[PDB]
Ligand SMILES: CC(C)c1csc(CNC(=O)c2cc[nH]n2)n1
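First, one chain by itself in structure tokens, the form deposited without the ligand.
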């Protein structure tokens, strides 16, 4: 059962206001025919326009919420809303566009999906709360057939052009007019009581209902993200590499080792409380410190309450030494902390919009992360950039310009002139640091942290 069988039953109750008289007994096979499409017994990679919840979760990067509202149905204008915030008005003759015929609306749909999805996914998944008009509008901008490849590259085709009779992926679709072989899922098939707004609002206060199709589209996608990544979590599902995932993860390991090592050298904490991932490894294996681990999986809904992590009776004394929260998101960090906290507001191809201000960070696995909150860091300060090294000054083995920097904490800088090895290492470390920060990570530290305390570790 890899794909959704076309013979699966589709519940039609949510469609009967736009389509009165619709049969209660309905399959996807009959629904697709009703929508004006013909599948023609084709075993050519596209068995169904609709997909399972499991297939949708694997393709979360392709999710585009889509709603269609009657402005006044072949005789009336339709308002097409997308989770990108775009509203297009199509005439049968929060960005709002005036009424235009389908032949020009379809060109805009292809451009919008292509610009949104080219760096995210090889397809589009329209996330619906299906009431009828959205399904009956698909024939005006969607074409289906066998799975195809792009005319300018090896990627699967996502667009079709009636002008040249050619197919293209999202990267080569300029001037194309039809969406080709899209996928879709109706959230209303999962079992819900009441309307979209009532189900959405139970879990989210960030998306309002300004009474336009894009608002419904955003709410629909947000509800689907809630059901698949907030209430239900799956860290076994792997997502493909689309950007700087590897460099970011390597940079995070590099920065964690640097900051913790320097905090231990500078303040000589006798104990470190490492709170978070139950599979964590000591990030500074050679440190003298008593290293104590506390297990907590990533919180996907609300940030952990510090009172629940630390209290209810273990070292017990979390006030002794220092606490390390490396992506362990809590409501309020204690004053004696070293923290790495993901900023959900960051714009990136890895960070997708999420539920209630949270974001869906997709890097190898999907992590719904609670909304960034500046008040979590009230007992701490921002950690400044610095590079520390006690490794010997020796090159071994890329042309040079001498490094001058007050934040290169090395024996050679203490001595007055940074060596080639430490200049190369400082520049590689600065690039890794900038990669981590630009990915959305934020670093915070106990207020007494002072890099001036590292200079005397060179005796």
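Positions refer to the first chain, counted from 1.
The same protein has a further form, the form deposited with the ligand bound, not shown here; the description that follows concerns it.
Student: Open or blocked pocket for the ligand when its pose in the deposited bound form is superposed here, using 3 or more ligand atoms within 2.4 Å of backbone or C-beta atoms as the test for blocked?
Tutor: Blocked, since after superposition 3 or more atoms of the placed ligand lie within 2.4 Å of the backbone or C-beta atoms.
Student: Heavy atom within 4.5 Å of the ligand in the deposited bound form: which of 213, 109, 224, 157 fits that? Just give me the one.
Tutor: The residue from 213, 109, 224, 157 that makes the contact is 213.
Student: Does at least one non-hydrogen atom of residue 79 fall within 4.5 angstroms of the ligand in the deposited bound form?
Tutor: Heavy-atom contact with the ligand at 4.5 Å: present for residue 79.
Student: Classify residue 392 as contacting or not contacting the ligand in the deposited bound form by the rule of any non-hydrogen atom within 4.5 angstroms, answering yes or no.
Tutor: No, no contact at 4.5 Å.
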